[PDB]
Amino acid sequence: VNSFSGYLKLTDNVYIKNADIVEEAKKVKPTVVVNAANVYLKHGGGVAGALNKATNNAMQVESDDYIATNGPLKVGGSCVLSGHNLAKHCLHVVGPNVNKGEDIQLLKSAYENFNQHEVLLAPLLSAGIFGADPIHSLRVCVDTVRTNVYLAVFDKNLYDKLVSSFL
């Protein structure tokens, strides 16, 4: 469990690696993998689609069942579901959809959900299709998360820009 390796330490509790979060989950066997979700847990692409594909669609079946019973999440909110074959648990976190006008301050609330877990494998919330500036998402993560977060950044150019901008 939690076999993290090859990360660059950014702060006392935030680590970063240029990697596909799916390949990391398979190597690391984390207690918790974070999904960058929407409020309906419809895992249509990005991190969410990659995680769902790696669970052979079991994540989407489980998510549909949960939402049908319980209703949508709130923006900035989260829910723990099974991690299936990738992790013990998946923490589905809804960052704000900045491009659609949702309040970017909810990125703080989104990252605050990480603090209920001692160690997490995670992506940069809202930094893809939701349109938040990745450097900003990293800054909010560093300022908000107090537990141990291992960030997987798939794109090499972005990873280099994030590490350069942080260094």
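Residue positions are given as counts along the sequence shown, with the first one as 1.
- Between 20 to 28 and 5 to 13, it is 5 to 13 that carries the larger average Cα temperature factor according to the deposited entry.
- Checked against the record, the higher mean CA B factor of 51 to 59 and 65 to 73 lies with 65 to 73.
- Of the candidates 38, 116, 35, 109, the PDB record gives 109 the highest C-alpha temperature factor.
- In the deposited entry, the Cα temperature factor of residue 131 sits in the middle third of values across the chain's modelled residues.
- Among the modelled residues of its chain, residue 158 has a C-alpha B-factor that falls in the highest third, as given in the PDB entry.
- For residue 45, the recorded CA temperature factor ranks within the middle third of the chain's modelled residues.
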